[PDB]
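Encoded as structure tokens, the structure appears first; notes follow it.
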Amino acid sequence: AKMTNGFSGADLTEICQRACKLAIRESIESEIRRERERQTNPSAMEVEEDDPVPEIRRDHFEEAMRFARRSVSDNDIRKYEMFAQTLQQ
Amino acid sequence: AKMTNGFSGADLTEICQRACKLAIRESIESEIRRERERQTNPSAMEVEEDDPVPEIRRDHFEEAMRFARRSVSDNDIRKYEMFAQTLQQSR
């Protein structure tokens, strides 16, 4: 929250959503690599080894919120506070 | 009245209505507090107090007039006076 001064709800939701996209990409690429190595080496994975967990990790969020967008500008706040001061009498 | 210079009738009605909101706020909060007490101590009132009779104090009016709006502007009166003078002179 401290780093995200001046960020609306939409930006926070987008930041949260991007990390899940990265996690899905990682999981799918790992699954495809595992499937390829199953083709290369038959019977090498007779036992159903557990797939990568939902490792929504610090690095995922770090790379996701690198593209942090200031959706709302700064001049809007002065406009709204000027209108409020006009209301205040 | 001497402190309401440049005030419209609608603004004065709004100011009068404002204090009743504070009165209702006070009454509801006080009765909620009171029922918070006597739901723990069963019927402990040696002196009999009814629902607080409407007794809106000077503090409510002071708070209400602290937030007053001059809806009529200082240029509108000048424009109306100019139009009145135009009516007097032209026709």
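By convention here, the chains of the structure tokens are called A, B, ... in the order presented, each chain's residues are numbered starting at 1, and ligands are numbered starting at 1 in the order presented.
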### Message
With 12 Å as the limit and counting only C-alpha atoms, what residues in chain A lie close to chain B? Please list them as a PyMOL selection string.
### Response
chain A and resi 85-89
### Message
Please identify the alpha helix (DSSP H) residues within chain B (assignment by DSSP from backbone atoms) and present them as an NGL selection string.
### Response
:B and (9-38 or 58-66 or 74-90)
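Taking CA of residue 26 (chain A) and CA of residue 56 (chain A) as the two end points, the separation is 10.2 Å.
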### Query
Quick one: of A:49, A:17, A:10, A:64, who's nearest to residue 31 (chain A), counting only C-alpha atoms?
A:49
